[PDB]
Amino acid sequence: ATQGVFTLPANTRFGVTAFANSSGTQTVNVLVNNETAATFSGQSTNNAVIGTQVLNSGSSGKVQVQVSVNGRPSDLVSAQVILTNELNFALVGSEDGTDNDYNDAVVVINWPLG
């Protein structure tokens, strides 16, 4: 099934935050309406915040997360969870190798803000 794709409410601010847990350099691209809106890069085996930004969902509300290591796309897992019918979390995990811990690049999207 398709992973790493979420439909947010239109014209709404959201936060996007990436973590790294691998010996390979992670490249995280965040797409809004099929165009790159944010990009983060870095290497960590200690859960370093390789980037965090505030973006607008735009007219479409389509947000996609892609992860690659030196050009090679990582396998993705994702889900969305809503607490008390108000607070939203869009969660992404990625695997760049064989051990299947899926933490090599972890991406968290949260809304609403303010």
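Position 1 is the first residue in the sequence shown; the rest follow in order.
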Mean C-alpha B-factor comparison - 103-111 and 2-10, higher one
2-10
Per the entry, higher mean C-alpha B factor between 68-76 and 44-52
68-76
When the entry's CA B-factors for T17, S94, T25, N21 are compared, the highest one belongs to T25
Looking at the entry's B-factor column for C-alpha atoms only, identify whether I82 ranks in the lowest, middle or highest third of its chain.
lowest
